[PDB]
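Remarks on the structure that follows.
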Amino acid sequence: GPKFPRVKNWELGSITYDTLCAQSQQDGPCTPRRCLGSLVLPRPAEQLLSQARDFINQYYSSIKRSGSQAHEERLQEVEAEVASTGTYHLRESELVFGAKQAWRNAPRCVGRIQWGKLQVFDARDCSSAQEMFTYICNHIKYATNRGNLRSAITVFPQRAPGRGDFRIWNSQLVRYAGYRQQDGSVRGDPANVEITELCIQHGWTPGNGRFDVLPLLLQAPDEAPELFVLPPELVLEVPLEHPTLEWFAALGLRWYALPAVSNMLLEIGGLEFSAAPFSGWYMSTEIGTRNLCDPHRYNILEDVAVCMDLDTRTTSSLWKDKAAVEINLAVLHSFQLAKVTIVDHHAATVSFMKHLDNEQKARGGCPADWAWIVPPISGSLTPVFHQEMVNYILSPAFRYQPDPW
Amino acid sequence: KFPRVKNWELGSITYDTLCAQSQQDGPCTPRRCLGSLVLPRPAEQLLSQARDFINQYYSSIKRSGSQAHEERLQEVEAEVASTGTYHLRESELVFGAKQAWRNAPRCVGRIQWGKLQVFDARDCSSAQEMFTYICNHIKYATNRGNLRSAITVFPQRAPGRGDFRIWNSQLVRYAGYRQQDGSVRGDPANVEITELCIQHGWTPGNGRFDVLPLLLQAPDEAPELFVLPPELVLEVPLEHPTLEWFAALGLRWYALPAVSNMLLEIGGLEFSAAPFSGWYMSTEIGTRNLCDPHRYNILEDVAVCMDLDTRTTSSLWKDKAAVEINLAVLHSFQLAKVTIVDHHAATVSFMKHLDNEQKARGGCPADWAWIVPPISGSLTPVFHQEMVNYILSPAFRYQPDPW
Ligand code: HEM
Ligand code: HEM
Ligand SMILES: Cc1cc(N)nc(COC[C@H](CN)OCc2cc(C)cc(N)n2)c1
Ligand SMILES: Cc1cc(N)nc(COC[C@H](CN)OCc2cc(C)cc(N)n2)c1
Ligand SMILES: C[C@H](O)[C@H](O)[C@H]1CNc2nc(N)[nH]c(=O)c2N1
Ligand SMILES: C[C@H](O)[C@H](O)[C@H]1CNc2nc(N)[nH]c(=O)c2N1
Ligand SMILES: [Zn+2]
């Protein structure tokens, strides 16, 4: 009967219909002729004003004052401001709500059960690269909280007509260096070769290890980026050991505690926050499966399998699968021992199922990107594998943006 | 526009041009993607699908434009104009069935697409005849463990009448018997078909691995029950290479995956009974059939036999057990000399297939959620490969249950 996508869970046999998707104001990449759901990156006064009104309407609905006089007065305030200045500005509580709503709207995040619990640091007063650095250190200190991690976002000033952007050049606040070698290989994280080379071009004295923490390149409006070294005491890392395989610690592998995305755009009511880094805590598979075992990342599967004495000469020994499991276990064990927050892919996906049920009742749906939500090991052992998902774009949102260089 | 398709492991980029030949809408729209959903929510038309298919065929043998090509289009046209339908030549049927497989977005085994034995069963007028054909298919496809891909094609749908159908979802399936206390004994996915077999006269067993009889249906007739001779049905007892207690679980699985509920569409003609088979990829058995919570659900038993700490997700007890079961499946198929492919070799060969199809057709329709295996996803190259999903014809399609 219902004219909304029907969504089925094949493990439980239950059905829902997503009505939320009708609030999408904006096309993804798919069409009736071809699905592009698996692509990572497929590619103004009245326009602004209607984005702004929709957002203000969301905020007033969220505080149950929709249609109220404070609501119609805010709408007028906003149009008046666009009328005379081309842009407008958010009230503090509007920013807080919009930030949370952007996380809650992110289809690619499995951690969204935590969406209501986000510390929002307003850094819209920031006026220099040096001040960005202070805010960022404060953020990292707050978020890290000695291992007991707290979700957080710091919001720097919005894009402004004619004037340059605030940008953090690094893709995350904490990243490891990647040094291109003479034999064409890479030492450290190959994902970070470009930003590494950029840091060196901007005067950084590079180290030569596999786990060198990168410095930050921070750009304030209409200035060249400036370089800032994080005090090592601020950057919590966990050395990786394995609970029974005693040789595993001898590998010198490690990972940083804080996953802090710094190159995304936070869009709220048409306003564009080009620097707005946000952080949570890790799901174990991000470290132990992707960052450590992708062939284009640290690529350690074969070395670990050799240490475990597996038959790496044939696919059918399942040597990759066994090594990857042990690496994931080491990641979980080591984070637990160090009392640094982490969540395994089972607990995370169970919690995401609870999130979907919360959001079914609250908004009638939840946009979700199945390829990104299902973990990269043990897929069908998690309940999200058996759950259909509808993917669409809502605002507020975190959006990709081109690299500043 | 032609979508850009990137491999994130290798940095390489292609453009799918083949998607332009899609004539048939999927579930997605610009407002929302529905690609993770399993199921979807006259004469001129048949004639254009017919012409298009005859063109694909004459081009496939290089004789595009020839006398033979024109006379064949006119035959198709003369037949439709007079009867509202037409019939395929055996050689066309063979081509169309291979193309349907080639085109199947959810199949990771398509490197094999050109090697397909096709039995024409269009001269079949009875459920009894269907049974004989099915036994021959099984015997041939199984080949004493050296499995060979095959399809048998029964008579097409016709406006005047009921369809030929095989009620079972595969030719070989294990019974699931509901217990008065809710539980299922056997394969919970086959409870309905098991019950249908019982009501049409089957004497049920009571094991966890009882091979079902087939319900075959000729048009507008009640379906009929046929027991497969047990020697036709190759099974593999599961054991583990190092864990001796694993064989004590009494697990086993059948060699032959042979889908028998899907519709084969070729040039607008529809073949409601057209069972097809290949060989398994180990994860289908090891991960989905044995470990899915709504299938035989054995993860916990295995974890306990391995003495794992089951009380917390963070021991990765599930992951550890799933890996041993998959290992047991590969080992036991290898020991019994029955064809199987593991998920690494299979996905490596699919990458090769993508590359072949890029050169041959300018693209390949693929359903990423079904191509990427259910364990160790990102350990396989297909995880890192962007894919474009779309429907080309000839095609295998879902159809309603006949009851
Ligand atoms: C609280 C713990 C959190 C967990 C466990 C978590 C987990 C994850 C995971 C596993 C991913 C996929 C990452 C990848 O494969 O590259 C992700 C993506 C994402 N999460 Fe979270 N998340 C958390 C908190 C946050 C917070 C606080 C925000 C924003 C306020 C957020 C926004 C995002 C976004 C935008 C993405 C997509 C990134 C992209 O497309 O590249 N998440 N989350
Ligand atoms: C030769 C070895 C073959 C292998 C290893 C293979 C592998 C697979 C696998 C793993 C799937 C996913 C199945 C599932 O999760 O339920 C699949 C689906 C499928 N394959 Fe194959 N395949 C093979 C041969 C064939 C042949 C011969 C045909 C047809 C002539 C075929 C047509 C299909 C179709 C239509 C699907 C989709 C089924 C559905 O939507 O439920 N494949 N294949
Ligand atoms: C290729 C690439 C693109 C892009 N936008 N970002 C990166 C690296 O950013 C890290 C990655 C983004 N998918 O996010 C990891 C993450 C973030 C958060 C907030 C929590 C968490 N557990 N995990 C690489
Ligand atoms: C729910 C359902 C639908 C349907 N069409 N078939 C089934 C049972 O068949 C399972 C599956 C098709 N989804 O077959 C697996 C398979 C088929 C083939 C030809 C090869 C292979 N390795 N594996 C269940
Ligand atoms: C091609 C494919 O879309 C790509 O490799 C995706 C798949 N799923 C993912 N899922 C997560 N969580 N993170 C990723 O980087 C990716 N990569
Ligand atoms: C909802 C989701 O699409 C569903 O669980 C799919 C996922 N991928 C799959 N992939 C294969 N090969 N077979 C399946 O049954 C499924 N199930
Ligand atoms: Zn789609």
Side-chain angles (χ1 to χ4, degrees), chain A residues 10 28-42 107-110 191 283 285-286 289-291 294 296-297 345 369-376 379 389-392, chain B residues 5-9 26-39 101 104 106-110 112 116 141 147 149-151 168-173 187 189-190 192-193 255-263 275-285 288-289 295 339-341 346 366-372 377-378 380-390 396-399 401:
Chain A
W10 288 84
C30 301
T31 80
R33 250 205 209 86
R34 83 288 183 284
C35 174
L36 250 27
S38 85
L39 303 217
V40 179
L41 302 166
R108 296 181 163 173
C109 186
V110 71
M283 184 167 79
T285 53
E286 302 177 75
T289 299
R290 302 304 310 285
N291 303 346
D294 277 0
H296 60 290
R297 297 294 292 292
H345 48 293
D369 184 339
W370 186 97
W372 274 69
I373 297 287
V374 170
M389 297 177 201
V390 187
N391 193 191
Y392 47 98
Chain B
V5 178
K6 179 167 179 188
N7 180 293
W8 284 83
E9 163 185 358
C28 306
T29 82
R31 129 170 303 138
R32 82 285 176 294
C33 176
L34 258 27
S36 73
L37 306 217
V38 180
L39 303 184
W101 181 18
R106 291 177 169 184
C107 186
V108 76
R110 285 177 279 158
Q112 288 298 143
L116 175 68
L147 273 56
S149 309
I151 186 175
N168 305 51
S169 70
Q170 304 182 308
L171 308 180
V172 192
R173 290 254 95 196
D187 188 341
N190 302 328
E192 191 172 35
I193 192 71
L256 191 63
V259 175
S260 51
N261 64 182
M262 292 184 75
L263 184 152
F276 55 86
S277 58
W279 49 83
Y280 268 118
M281 172 165 83
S282 46
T283 49
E284 296 180 76
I285 309 176
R288 299 299 315 287
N289 302 350
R295 306 290 306 284
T339 310
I340 193 104
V341 67
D367 185 335
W368 189 98
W370 281 63
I371 294 310
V372 166
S378 83
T380 67
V382 292
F383 190 90
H384 304 283
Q385 181 56 60
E386 291 179 349
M387 306 174 191
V388 186
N389 195 359
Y390 45 94
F396 287 109
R397 308 210 266 83
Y398 301 129
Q399 62 185 327
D401 288 345

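In each ligand, atom 1 is the first atom listed, and ligand 1 is the first ligand listed. Chain A is the first sequence line, chain B the second, and so forth, proteins listed ahead of strands; every chain is numbered from 1.
- Residues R108(A) and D369(A) share a closest heavy-atom pair of NE-OD2, 2.9 Å.
- Under the 3.5 Å distance criterion, with hydrogens and angles disregarded, no donor-acceptor pair is assigned to the side chains of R173(B) and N168(B).
- Taking the side chain as every heavy atom from C-beta outward, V108(B) and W370(B) never approach each other to under 4.5 Å.
- Scanning all heavy atoms of the two residues, the minimum distance from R34(A) to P29(A) falls at NH1-O, 2.7 Å.
- The heavy-atom pair separating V372(B) from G377(B) by the smallest distance is CG1-CA, 3.8 Å.
- Scanning both residues, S378(B) and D294(A), for their nearest heavy atoms gives OG-OD1, 4.2 Å.
- Rounding to 10 degrees gives 100° for the angle at the Zn ion (ligand 7) between SG of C28(B) and SG of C35(A).
- Rounding to the nearest 0.5 angstrom, the gap separating the CH2 atom in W368(B) from the CD atom in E386(B) is 10.5 Å.
- Formation of a donor-acceptor pair under 3.5 Å by the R110(B) side chain with backbone atoms of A104(B) is found in this model.
- Between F276(B) and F396(B), the ring-plane angle classifies as tilted under the 30° and 60° cut-offs.
- Around CZ of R288(B), the count of heavy atoms belonging to other residues, nucleotides or ligands within 6.0 Å exceeds 12.
- Near ligand 4, heavy-atom contacts under 4.0 Å come from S169(B), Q170(B), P257(B), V259(B), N261(B), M262(B), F276(B), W279(B), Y280(B), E284(B).
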Are any protein N/O atoms closer than 3.5 Å to the N/O atoms of ligand 5? If there are, list each pair with names and the distance to one decimal place.
unit_1, atom_1, unit_2, atom_2, d
ligand 5, 3 (O), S38(A), O, 2.7
ligand 5, 5 (O), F383(B), O, 2.8
ligand 5, 8 (N), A371(A), O, 2.9
ligand 5, 10 (N), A371(A), O, 3.3
ligand 5, 12 (N), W372(A), O, 3.0
ligand 5, 15 (O), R290(A), NH1, 3.2

